[PDB]
Amino acid sequence: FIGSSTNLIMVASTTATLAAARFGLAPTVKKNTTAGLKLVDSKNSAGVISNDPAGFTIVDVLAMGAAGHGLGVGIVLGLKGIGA
Amino acid sequence: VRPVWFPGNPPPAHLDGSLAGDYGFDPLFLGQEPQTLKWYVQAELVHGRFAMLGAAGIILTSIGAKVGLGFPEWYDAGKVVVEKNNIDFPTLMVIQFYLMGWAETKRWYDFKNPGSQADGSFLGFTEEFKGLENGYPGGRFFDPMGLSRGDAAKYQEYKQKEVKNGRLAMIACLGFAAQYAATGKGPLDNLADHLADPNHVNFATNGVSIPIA
Amino acid sequence: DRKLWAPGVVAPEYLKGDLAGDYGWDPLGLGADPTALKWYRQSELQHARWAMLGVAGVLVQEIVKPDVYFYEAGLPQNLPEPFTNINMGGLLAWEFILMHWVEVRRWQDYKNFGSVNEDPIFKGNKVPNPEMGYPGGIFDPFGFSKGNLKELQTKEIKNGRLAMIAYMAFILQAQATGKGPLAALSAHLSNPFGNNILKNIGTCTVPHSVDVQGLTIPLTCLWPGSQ
Amino acid sequence: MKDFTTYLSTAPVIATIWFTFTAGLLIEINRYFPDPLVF
Amino acid sequence: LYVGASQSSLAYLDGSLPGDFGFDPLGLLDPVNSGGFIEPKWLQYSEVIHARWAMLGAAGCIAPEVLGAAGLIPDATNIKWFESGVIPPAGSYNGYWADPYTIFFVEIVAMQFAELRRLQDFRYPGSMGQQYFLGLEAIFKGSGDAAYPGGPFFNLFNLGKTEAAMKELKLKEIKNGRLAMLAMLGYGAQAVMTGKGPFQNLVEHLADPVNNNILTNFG
Amino acid sequence: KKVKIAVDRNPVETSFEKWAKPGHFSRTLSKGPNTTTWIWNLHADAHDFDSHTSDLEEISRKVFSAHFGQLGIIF
Amino acid sequence: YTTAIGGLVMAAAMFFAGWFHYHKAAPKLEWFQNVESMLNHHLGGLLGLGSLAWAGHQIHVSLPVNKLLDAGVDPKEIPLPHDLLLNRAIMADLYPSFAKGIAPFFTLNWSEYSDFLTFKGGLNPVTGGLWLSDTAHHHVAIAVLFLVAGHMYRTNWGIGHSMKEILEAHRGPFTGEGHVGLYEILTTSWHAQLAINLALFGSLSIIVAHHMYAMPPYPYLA
Ligand code: CLA
Ligand code: CLA
Ligand code: CLA
Ligand code: CLA
Ligand SMILES: CC1=C[C@H](O)CC(C)(C)[C@H]1/C=C/C(C)=C/C=C/C(C)=C/C=C/C=C(C)/C=C/C=C(C)/C=C/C1=C(C)C[C@H](O)CC1(C)C
Ligand SMILES: CC1=C[C@H](O)CC(C)(C)[C@H]1/C=C/C(C)=C/C=C/C(C)=C/C=C/C=C(C)/C=C/C=C(C)/C=C/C1=C(C)C[C@H](O)CC1(C)C
Ligand SMILES: CCCCCCCCCCCCO[C@@H]1O[C@H](CO)[C@@H](O[C@H]2O[C@H](CO)[C@@H](O)[C@H](O)[C@H]2O)[C@H](O)[C@H]1O
Ligand SMILES: CCCCCCCCCCCC(=O)O
């Protein structure tokens, strides 16, 4: 399984979604989005403390991991359905 | 201060430890009212005395049945007595209901009106039916030895012993009914079967008490 | 102060060192009640003396009669002459009457201290009885109580506690190996790595029951070992 | 207990108990004396 | 201190409770408008009770297999924890002195006495030290905290006489208990996944870690 | 802004005192019957929780407990 | 009988919950007004977890028992549900994909589970009802969809949606202000919520009647 197409696609999807939110390209627990899909500050009630310089909390890790897993599953099943 | 049924919980306000065998056991508040509590005290005393007589008779008959004396079991004694002796069952029922009706009616009207049976309307007897307390009918007939009219502390101790023995006898009668309904044998037969092998002959192995066993 | 049963532990308030052999040991608080404490002291003294007698009897019996098992010595067929195959009913009657008399006298002495010291038949024959559980007089004809009774009482209670533990050790050793204490010690000395509690445990050498003449007496081990 | 007995003494509870008793009596009479048409 | 901490939990988590690492993202210890069972006293008490029960459970679930691997106990014993009679469909042991239901009834009476008296000391502090219990009430007085009763028996060797020593030992107890709780969860998950004992899983994983893990045990 | 569990402890005492006083939930029905209309009113306003009081919290609590009673009946 | 006893236990728990929540621990008004959290839980937890649990029961109990029933096996000879749930040999014989365990689910090899998760459609020619493999796969898809839907609203973290913001952002030139004040209306009036819920609930019941006669889902129902 290691090195296969499914493993590589899933790892790339998770890494891409985690790297987008960390470098100010995807919604996070600290930055929300307006109606014009523009990043704006949020008002999180929890206020998860994080030593990360960009304020990346564990909630962001879970959200990005779930989104990346959904994207990777969809891509893998889509490629398997078209013969690729 | 006094020991209660469930340690740590305060006893109810309607149970102040004055009655015999008071442990503050009334979670449903059945005897919260004073008159209802008095009626229930007499009911518990009658139940305990009848259960004590029943338990003693069952134990004695079972003892005679276990040894070669020819005694029958308690669940067959009625049939054996009615068939062995030419005794008509409805006649015995009527006689018992007549005697019990007279005694219970006198006790009932004495509960409604204390000391009313001491007027002498029953063959001239007066002091024999005056009644000492509720559920405790002292006198020369019910207490010929006079244990209730001497040494008050001993009388209170005997009251506690009576109510505790009555409750234990009620539990014993319930156990007799459940044991006969489950095992189908006599109480001493169950005791002997348990003494023969206590680790494998109990309610957890009878196949009726625990259905998932 | 006296040495307690553990370093750093605090003795209870009721254990101030008055009684002999006090180590401030009471994890269950059973000695909180003074009356209960006195009764438990009498019970401990009785257990101590009976256990010392039992341990000494087992050891002397194994030394003098090594061919007789102490666990099965109670059987009527194992009794010495002329008590062999004797009726156990009369023996139990003798012991019951004598022990009942002496124990009722001791119990009455506990209930009312210094009230049964005098002999009920021959007047004038009394025992001093300075403390409960220590009658003296005819019970101590050698006169060893006219000295340091505290250290002697401490020695007595300590030897009794050790004998209690030792007697229970003898019972479990016999129930797990089927031999007496000296036989078990010799068997362990023959091969310590082969004969010990690691392998002897789990086996109950005591039978299910024994037929003593006419009636059967049920028997069991202290733990559920293999019969 | 007094309040509970007072609640049991209300019109719907009393009507329910009374009608259950009357219905049970009529049902038991028709059970032990099946098909009664005339006296 | 731990991951997942937040300013919301730090408002009521000042470090007074043992094992307070500021980990409460769900806000279960908020004293404002708290009631029922979701309140600081019951939650802390339940955590220490689970900690002690899980410590006993982890040690008892791994002890027979480890002792059987060393030859200390015979082969008739040394069975998996889920095959000792707990779950009869998974396996049962017939070498006990009685059937499991008889022993279960004994456990019912024993556990009811212990647990109900413990509950009464929690509901009414010190109520277990007055009513007669064959002289055992002298050690059931407890203390202010229901989670730490102490006394001549619960604190047999009088350990942690100093306040700092008691705090240190309490932190050690809660950490060991949390580790044991995670171990019990792992024991159950490994029992459902591999169908073998925890010690056997550890040995198989130590023999070949790449080919013996949760990834290779899926199929 | 913060989603948490906000609960009040022991707001209503469990007792049978109100079981013997029909129409206690309504201020007009608590006086007692004078005409038969009252009886019908007693059943026409039993579940009208917003009519008994204007407190939204009390109405919500009554609705939530009534939902539990309904689920018990269904079970 | 066991289900009846469990239902009685659940009824006792429901009544105890109502009493406990009215006399012992009553929730505050702010707790009832958490529409975002309530919707997240009802979508994900209640609906999604219920569909997932029912899918698990169908995959492990309904499918093998009903397969043996349709094959002509007597109900007494059919293995008990716990026997089917305890060993992989019986399930592997009835469904070969069970021989690989849950490994194809994690390796994204879902196509291997095509023996018990199909798209047959139509009806079972033996029983006249819908294929239980289709219903199991249906509940699996429903569970995943509802679990995804249960992570849309904002509760205590930055991620999620605020229904008030969504309602206020929808405003056209033909409707004036729009949905302003609708969030306050639905979070403070129980009658408005009851009206919406009753309307959709009745419409759903009618849809259920139509779909149930047209596509009979139970065996020997049509
Ligand atoms: C409409 C359903 C409902 C709702 C919305 C609530 C809501 C609430 N309840 Mg409650 N309760 C309910 C039903 C409900 N309950 C029922 C039916 C019972 C009877 C069993 C109870 C008995 C109850 C008690 C005794 C208490 C509450 C408490 C609470 C409050 C906080 C605790 C909590 O639930 O958080 C989270 C829940 C937990 C931490 C415990 C969950 C543990 C269960 C066993 C999880 C499994 C449940 C799940 C359905 C089963 C999964 C299937 C499984 C086989 C895999 C909260 C406002 C507490 C309170 O008053 O706080 C102020 C409290 O003490 N409830
Ligand atoms: C035995 C325990 C108990 C006791 C003593 C009380 C006592 C009280 N409750 Mg309470 N409650 C309980 C359990 C209890 N409750 C339970 C289990 C629930 C959950 C359902 C509630 C939920 C609840 C609410 C929401 C309210 C009360 C209120 C009250 C107070 C006055 C109302 C009243 O009781 O009148 C008596 C009312 C009845 C006897 C009606 C009973 C209706 C039951 C639940 C449904 C029966 C269904 C029926 C069988 C089906 C209909 C079919 C038909 C043909 C028969 C009172 C002090 C009210 C209050 O405090 O006023 C401000 C309040 O609104 N309770
Ligand atoms: C995953 C979490 C969860 C679940 C499963 C539920 C489930 C339910 N809720 Mg609830 N709710 C939740 C979270 C949850 N809620 C939260 C977080 C809030 C606060 C924002 C609320 C606030 C709320 C309100 C105000 C109401 C409900 C109601 C209901 C019931 C609707 C009746 C129905 O048709 O369903 C089908 C019926 C069943 C499936 C019966 C099975 C019930 C079991 C016990 C599952 C319940 C699980 C739930 C989490 C309780 C566990 C807590 C624990 C302490 C016991 C239902 C059982 C209504 C209600 O009160 O009903 C009593 C209602 O009025 N909920
Ligand atoms: C809610 C739905 C649900 C549930 C409950 C289950 C449950 C189960 N499935 Mg399943 N499945 C489902 C949905 C579900 N499935 C769906 C939707 C699909 C389609 C993709 C499948 C397809 C599927 C396949 C193909 C297989 C299973 C299998 C299994 C069984 C073993 C799972 C496993 O392999 O290890 C999983 C490990 C765990 C879940 C961890 C267990 C956690 C334990 C319980 C923790 C306990 C800890 C506790 C502290 C212990 C202490 C005890 C105390 C008394 C001291 C299991 C009983 C296998 C099987 O049955 O073999 C025949 C199998 O082959 N399932
Ligand atoms: C208190 C309370 C209150 C709260 O609130 C709640 C609750 C918990 C409910 C409670 C409790 C209760 C109870 C427990 C009850 C029980 C009772 C009983 C058991 C009775 C019996 C009772 C019992 C009894 C009398 C019995 C008696 C008996 C008898 C006579 C017998 C007789 C006989 C004999 C000799 C023999 C012959 O051959 C036969 C006969 C003829 C048969
Ligand atoms: C912190 C936090 C915070 C936030 O905010 C919220 C949340 C998230 C919720 C959280 C978390 C939590 C958690 C993690 C939990 C978990 C728990 C557990 C795991 C438990 C267990 C627990 C566990 C336990 C008790 C266990 C126990 C056990 C036992 C007894 C056992 C026993 C036994 C033995 C010995 C052996 C044999 O052969 C078997 C038996 C008989 C069986
Ligand atoms: C999501 C968690 C919450 C739901 C919990 C579900 C767990 C239910 C508890 C009952 C568990 C039954 O789980 C059962 O595990 C055993 C483990 O031996 C598997 O058993 C199978 O595989 C194992 C190896 O893994 C073999 O040794 C065994 O002979 C074979 O039957 C079953 O295929 C599975 O059905
Ligand atoms: C179901 C979602 C439909 C989304 C419609 C997108 C409308 C795009 C125009 C947005 C106008 C704006 O953001 O100012």
# chains A, B, ... in the order shown; residues from 1 in each chain; ligands from 1
>>> interface_residues(of="chain E", to="chain G", cutoff="9 Å", atoms="only C-alpha atoms", output="count of residues only")
11
>>> interface_residues(of="chain E", to="chain B", cutoff="9 Å", atoms="only C-alpha atoms", output="VMD selection string")
chain E and resid 97 to 102 105 117 120 to 121 123 to 128 130 to 132
>>> residues_near_ligand(ligand="ligand 6", cutoff="8 Å", atoms="only C-alpha atoms and all ligand atoms", output="PDB file with C-alpha atoms, in the first residue's frame")
ATOM      1  CA  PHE E  23      -7.304  20.326  29.149  1.00  0.00           C
ATOM      2  CA  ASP E  24     -11.052  20.905  28.925  1.00  0.00           C
ATOM      3  CA  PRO E  25     -12.109  21.957  25.391  1.00  0.00           C
ATOM      4  CA  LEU E  26     -15.662  20.783  26.093  1.00  0.00           C
ATOM      5  CA  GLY E  27     -16.043  22.945  29.230  1.00  0.00           C
ATOM      6  CA  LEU E  28     -17.335  20.244  31.544  1.00  0.00           C
ATOM      7  CA  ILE E  49     -12.759   6.250  40.807  1.00  0.00           C
ATOM      8  CA  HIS E  50     -12.267   5.353  37.135  1.00  0.00           C
ATOM      9  CA  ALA E  51      -8.523   5.822  37.588  1.00  0.00           C
ATOM     10  CA  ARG E  52      -8.288   3.336  40.458  1.00  0.00           C
ATOM     11  CA  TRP E  53     -10.620   0.804  38.814  1.00  0.00           C
ATOM     12  CA  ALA E  54      -8.679   1.050  35.548  1.00  0.00           C
ATOM     13  CA  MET E  55      -5.357   0.617  37.361  1.00  0.00           C
ATOM     14  CA  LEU E  56      -6.628  -2.600  38.915  1.00  0.00           C
ATOM     15  CA  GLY E  57      -8.100  -3.611  35.556  1.00  0.00           C
ATOM     16  CA  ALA E  58      -4.923  -3.058  33.538  1.00  0.00           C
ATOM     17  CA  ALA E  59      -2.761  -4.893  36.066  1.00  0.00           C
ATOM     18  CA  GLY E  60      -5.282  -7.736  36.289  1.00  0.00           C
ATOM     19  CA  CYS E  61      -5.722  -8.040  32.538  1.00  0.00           C
ATOM     20  CA  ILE E  62      -1.984  -8.276  31.847  1.00  0.00           C
ATOM     21  CA  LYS E  80      -6.961 -14.151  28.027  1.00  0.00           C
ATOM     22  CA  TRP E  81      -8.806 -11.551  30.094  1.00  0.00           C
ATOM     23  CA  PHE E  82     -11.874 -11.749  27.841  1.00  0.00           C
ATOM     24  CA  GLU E  83     -11.905 -15.570  28.116  1.00  0.00           C
ATOM     25  CA  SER E  84     -11.866 -15.869  31.933  1.00  0.00           C
ATOM     26  CA  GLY E  85     -15.663 -16.015  32.186  1.00  0.00           C
ATOM     27  CA  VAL E  86     -16.416 -12.326  31.667  1.00  0.00           C
ATOM     28  CA  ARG E 178      -5.307   8.070  33.194  1.00  0.00           C
ATOM     29  CA  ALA E 180      -4.384   2.803  32.896  1.00  0.00           C
ATOM     30  CA  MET E 181      -7.697   4.033  31.456  1.00  0.00           C
ATOM     31  CA  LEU E 182      -6.063   4.453  28.049  1.00  0.00           C
ATOM     32  CA  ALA E 183      -4.520   1.001  28.488  1.00  0.00           C
ATOM     33  CA  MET E 184      -7.929  -0.548  29.208  1.00  0.00           C
ATOM     34  CA  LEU E 185      -9.354   1.123  26.103  1.00  0.00           C
TER      35      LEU E 185
END
>>> closest_residue(among="F:47, F:1, F:18, F:9", to="chain D", atoms="only C-alpha atoms")
F:18
>>> residues_near_ligand(ligand="ligand 1", cutoff="10 Å", atoms="only C-alpha atoms and all ligand atoms", output="NGL selection string")
(:E and (26 or 28 or 33-39 or 42-43)) or (:F and (4-9 or 64-65 or 67-68 or 71-72)) or (:G and (9-21 or 24-28 or 31-32 or 38 or 41-42 or 45-46 or 49-50 or 53))
>>> write_last_selection(atoms="C-alpha atoms", output="mmCIF file, in the first residue's frame")
data_model
loop_
_atom_site.group_PDB
_atom_site.id
_atom_site.type_symbol
_atom_site.label_atom_id
_atom_site.label_comp_id
_atom_site.auth_asym_id
_atom_site.auth_seq_id
_atom_site.Cartn_x
_atom_site.Cartn_y
_atom_site.Cartn_z
ATOM 1 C CA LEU E 26 -15.662 20.783 26.093
ATOM 2 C CA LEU E 28 -17.335 20.244 31.544
ATOM 3 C CA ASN E 33 -25.036 27.079 36.005
ATOM 4 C CA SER E 34 -23.789 23.561 36.735
ATOM 5 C CA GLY E 35 -25.873 20.784 38.220
ATOM 6 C CA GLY E 36 -26.835 17.130 38.191
ATOM 7 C CA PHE E 37 -23.758 15.017 37.552
ATOM 8 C CA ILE E 38 -21.875 17.544 35.378
ATOM 9 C CA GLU E 39 -20.305 19.472 38.247
ATOM 10 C CA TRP E 42 -18.830 14.553 40.933
ATOM 11 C CA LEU E 43 -16.621 14.768 37.840
ATOM 12 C CA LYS F 4 -22.209 25.328 27.111
ATOM 13 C CA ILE F 5 -24.532 23.476 29.481
ATOM 14 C CA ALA F 6 -26.521 26.053 31.474
ATOM 15 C CA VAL F 7 -28.684 24.355 34.110
ATOM 16 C CA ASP F 8 -30.480 25.518 37.276
ATOM 17 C CA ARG F 9 -30.520 23.127 40.250
ATOM 18 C CA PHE F 64 -38.693 19.724 27.035
ATOM 19 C CA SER F 65 -40.166 17.660 29.893
ATOM 20 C CA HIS F 67 -41.289 15.799 25.068
ATOM 21 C CA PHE F 68 -39.772 13.264 27.447
ATOM 22 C CA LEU F 71 -41.225 9.655 24.194
ATOM 23 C CA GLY F 72 -42.031 7.520 27.233
ATOM 24 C CA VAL G 9 -36.672 0.215 30.366
ATOM 25 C CA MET G 10 -36.342 3.016 27.800
ATOM 26 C CA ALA G 11 -39.795 4.318 28.757
ATOM 27 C CA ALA G 12 -38.775 4.400 32.420
ATOM 28 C CA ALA G 13 -35.611 6.268 31.429
ATOM 29 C CA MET G 14 -37.640 8.802 29.408
ATOM 30 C CA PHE G 15 -39.992 9.500 32.315
ATOM 31 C CA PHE G 16 -37.049 9.779 34.716
ATOM 32 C CA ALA G 17 -35.365 12.191 32.297
ATOM 33 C CA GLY G 18 -38.455 14.383 32.148
ATOM 34 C CA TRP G 19 -38.775 14.490 35.928
ATOM 35 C CA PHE G 20 -35.033 15.098 36.382
ATOM 36 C CA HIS G 21 -35.050 17.897 33.821
ATOM 37 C CA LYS G 24 -33.787 18.562 39.556
ATOM 38 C CA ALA G 25 -31.690 19.922 36.666
ATOM 39 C CA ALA G 26 -33.658 22.323 34.457
ATOM 40 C CA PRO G 27 -31.862 23.831 31.432
ATOM 41 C CA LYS G 28 -31.677 27.596 31.091
ATOM 42 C CA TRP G 31 -29.314 26.446 26.396
ATOM 43 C CA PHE G 32 -32.510 26.071 24.350
ATOM 44 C CA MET G 38 -28.711 21.645 18.206
ATOM 45 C CA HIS G 41 -26.027 17.403 16.757
ATOM 46 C CA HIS G 42 -29.375 16.475 15.186
ATOM 47 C CA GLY G 45 -25.253 12.605 15.837
ATOM 48 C CA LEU G 46 -28.953 11.665 15.776
ATOM 49 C CA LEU G 49 -25.198 7.965 13.804
ATOM 50 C CA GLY G 50 -28.632 6.329 13.712
ATOM 51 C CA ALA G 53 -25.835 2.028 13.452
#
>>> residues_around(residues="stretch 24-38 of chain F", least_positions_apart="5", cutoff="10 Å", atoms="only C-alpha atoms", output="ChimeraX atom specification")
/F:18-19,43-49,51-53
>>> select_by_dssp(residues="stretch 49-183 of chain G", states="helix (DSSP H, G or I)", output="ChimeraX atom specification")
/G:49-70,81-86,88-94,96-100,103-106,110-115,132-149,163-169,182-183
>>> closest_atom_pairs(of="chain B", to="ligand 5", cutoff="10 Å", atoms="only C-alpha atoms and all ligand atoms", output="CSV")
residue,atom,partner,partner_atom_place_in_ligand_line,distance
B:24,CA,ligand 5,1 (C),9.9
B:25,CA,ligand 5,4 (C),6.5
B:26,CA,ligand 5,5 (O),4.0
B:27,CA,ligand 5,5 (O),4.6
B:28,CA,ligand 5,5 (O),3.9
B:29,CA,ligand 5,5 (O),5.5
B:30,CA,ligand 5,5 (O),5.5
B:31,CA,ligand 5,5 (O),7.8
B:32,CA,ligand 5,5 (O),9.7
B:40,CA,ligand 5,1 (C),9.6
B:44,CA,ligand 5,17 (C),8.3
B:45,CA,ligand 5,25 (C),9.8
B:46,CA,ligand 5,25 (C),7.7
B:47,CA,ligand 5,25 (C),4.5
B:48,CA,ligand 5,25 (C),6.3
B:49,CA,ligand 5,25 (C),7.4
B:50,CA,ligand 5,25 (C),4.8
B:51,CA,ligand 5,27 (C),3.7
B:52,CA,ligand 5,27 (C),7.1
B:53,CA,ligand 5,35 (C),6.5
B:54,CA,ligand 5,35 (C),3.7
B:55,CA,ligand 5,35 (C),6.2
B:56,CA,ligand 5,35 (C),7.1
B:57,CA,ligand 5,35 (C),4.5
B:58,CA,ligand 5,35 (C),5.0
B:59,CA,ligand 5,35 (C),8.5
B:60,CA,ligand 5,35 (C),9.2
B:61,CA,ligand 5,36 (C),7.8
B:62,CA,ligand 5,36 (C),9.5
B:72,CA,ligand 5,38 (O),8.0
B:73,CA,ligand 5,38 (O),6.5
B:74,CA,ligand 5,38 (O),3.3
B:75,CA,ligand 5,38 (O),5.6
B:76,CA,ligand 5,38 (O),6.5
B:77,CA,ligand 5,38 (O),4.5
B:78,CA,ligand 5,38 (O),5.9
B:79,CA,ligand 5,38 (O),9.0
B:80,CA,ligand 5,38 (O),9.4
B:81,CA,ligand 5,38 (O),9.3
B:166,CA,ligand 5,22 (C),8.7
B:167,CA,ligand 5,18 (C),7.5
B:168,CA,ligand 5,19 (C),8.8
B:169,CA,ligand 5,23 (C),7.3
B:170,CA,ligand 5,21 (C),4.1
B:171,CA,ligand 5,19 (C),5.0
B:172,CA,ligand 5,19 (C),7.9
B:173,CA,ligand 5,23 (C),5.4
B:174,CA,ligand 5,19 (C),5.4
B:175,CA,ligand 5,19 (C),8.7
B:176,CA,ligand 5,28 (C),9.4
B:177,CA,ligand 5,42 (C),9.1
>>> residues_around(residues="residue G:35", least_positions_apart="4", cutoff="12 Å", atoms="only C-alpha atoms", output="list in words")
residues 1 and 3 of chain F; 29, 30, 31, 39, 40, 41, 42, 43, 153, 154, 155, 161, 162, 163, 164, 183, 184, 186, 187, 188 and 193 of chain G
>>> residues_around(residues="residue C:118", least_positions_apart="4", cutoff="12 Å", atoms="only C-alpha atoms", output="VMD selection string")
chain C and resid 105 109 114 122 to 129 135 137 to 138
>>> interface_residues(of="chain D", to="chain B", cutoff="12 Å", atoms="only C-alpha atoms", output="NGL selection string")
:D and (1-5)
>>> write_last_selection(atoms="C-alpha atoms", output="JSON list (two decimals), in the first residue's frame")
[["chain", "number", "residue", "atom", "x", "y", "z"],
["D", 1, "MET", "CA", -49.78, 10.97, 51.32],
["D", 2, "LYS", "CA", -52.73, 13.24, 52.13],
["D", 3, "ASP", "CA", -52.27, 15.16, 48.88],
["D", 4, "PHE", "CA", -51.97, 11.90, 46.92],
["D", 5, "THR", "CA", -55.22, 10.58, 48.39]]
